[PDB]
Amino acid sequence: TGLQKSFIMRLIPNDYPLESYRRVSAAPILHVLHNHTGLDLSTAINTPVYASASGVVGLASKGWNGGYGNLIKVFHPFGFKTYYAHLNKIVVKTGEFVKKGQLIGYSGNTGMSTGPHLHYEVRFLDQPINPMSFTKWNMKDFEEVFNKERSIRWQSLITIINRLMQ
Amino acid sequence: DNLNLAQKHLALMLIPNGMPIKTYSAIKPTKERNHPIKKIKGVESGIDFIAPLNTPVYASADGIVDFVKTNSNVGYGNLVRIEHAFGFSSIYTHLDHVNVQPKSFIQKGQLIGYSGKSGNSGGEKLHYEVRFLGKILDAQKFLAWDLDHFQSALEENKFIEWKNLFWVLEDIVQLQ
Ligand SMILES: [Zn+2]
């Protein structure tokens, strides 16, 4: 059911976390920074950055962070995490609860960075994850992510998520 | 407070609560015994249910198994650690048998293991911890938290900003 789509989309990361990227084609290049494939989203310094799903800010770290620069890690339900790196400014703290689409920081050029961009990652536990499978995942192209990121045991996760409602 | 039914229901599926073991003779803080890893008293480290061998153990909320040990007789012994939503984790220790595997999804109420005395247990018991971003919480406040006694967990507010959390949950439940 379509109600389940929205609900699922509050909990599991999806869409682009910069507004200008979600507008142009949905309504981006692959880069390994620290052991995981991120996505680099070219954009000017201080471009607002939004949470891809609801969760807790697991880390809001103002540091070098392995070359990530200023870094937010949002911990989502069921072992999903999102990383937002090279930030110029962080407007949430460690332990803050955020909702999907909430402003969490502003883009920058901090850390190991050649020009201003957002470095974005979707993680699931400890296994490699393609971020495009989640950034392209949206309300129209909804079923897609089950066939694009097959390595997640969706059948168990869907069942469990559907049980949460009533 | 002004929290709706749906908010409370979702919270109690996602955040650890209630009894992970349904038979015990007593509950004691682990602080008052020799800690499993750090062999000393005086460590804030959750609680122990004094329970017979092979008493079923249940997951205190939905989530994912991030760590398991089986056939261990040192330290914590056999254990399950579940990662929950919103930074919470629960750990179950000194088990005799483990029923789940690392990386599996978990539902609240699911059988995860059976209590024992494996590791540095001081005998037959379940050792249980609730944690928020790795930080040790008062497990008793989560035990006593249910639909009818909802304030209990909100009293543990040193690390956790409960109003902010329910604001996030309101947005989620608002959909229906
Ligand atoms: Zn990058």
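Numbering of ligands and ligand atoms starts at 1, following listing order. Every chain is numbered from 1 and lettered A, B, ... according to where its sequence line falls, protein lines coming before strand lines. Hydrogens, waters and symmetry mates play no part in the numbers below; they use all other heavy atoms, side chains included.
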The Zn ion (ligand 1) to nearest N/O/S of A:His31 below 2.8 Å: yes
A:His119 backbone or side-chain N/O/S under 2.8 Å from the Zn ion (ligand 1): yes
Name, closest N/O/S atom of A:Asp40 to the Zn ion (ligand 1): OD1
Please list every donor-acceptor pair under 3.5 Å in which a side-chain atom of residues 134-141 of chain B meets a protein atom from a residue at least two apart or in another chain.
unit_1: B:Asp138; atom_1: OD1; unit_2: B:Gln140; atom_2: N; d: 3.2
unit_1: B:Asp138; atom_1: OD2; unit_2: B:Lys141; atom_2: NZ; d: 3.2

Would you give me the side-chain donor-acceptor pairs under 3.5 Å for residues 69-78 of chain A, sequence neighbours excluded?
unit_1: A:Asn70; atom_1: ND2; unit_2: A:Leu87; atom_2: O; d: 2.9
unit_1: A:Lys73; atom_1: NZ; unit_2: A:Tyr83; atom_2: OH; d: 3.3
unit_1: A:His76; atom_1: ND1; unit_2: A:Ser54; atom_2: O; d: 2.8
unit_1: A:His76; atom_1: NE2; unit_2: A:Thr82; atom_2: OG1; d: 2.7

A:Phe142 and A:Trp137 aromatic centres sub-6.0 Å: yes
B:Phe159, B:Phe88, B:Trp162, B:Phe86 screened by ring-ring contact (aromatic ring centres under 6.0 Å, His included) with B:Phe132, the one that passes: B:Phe88
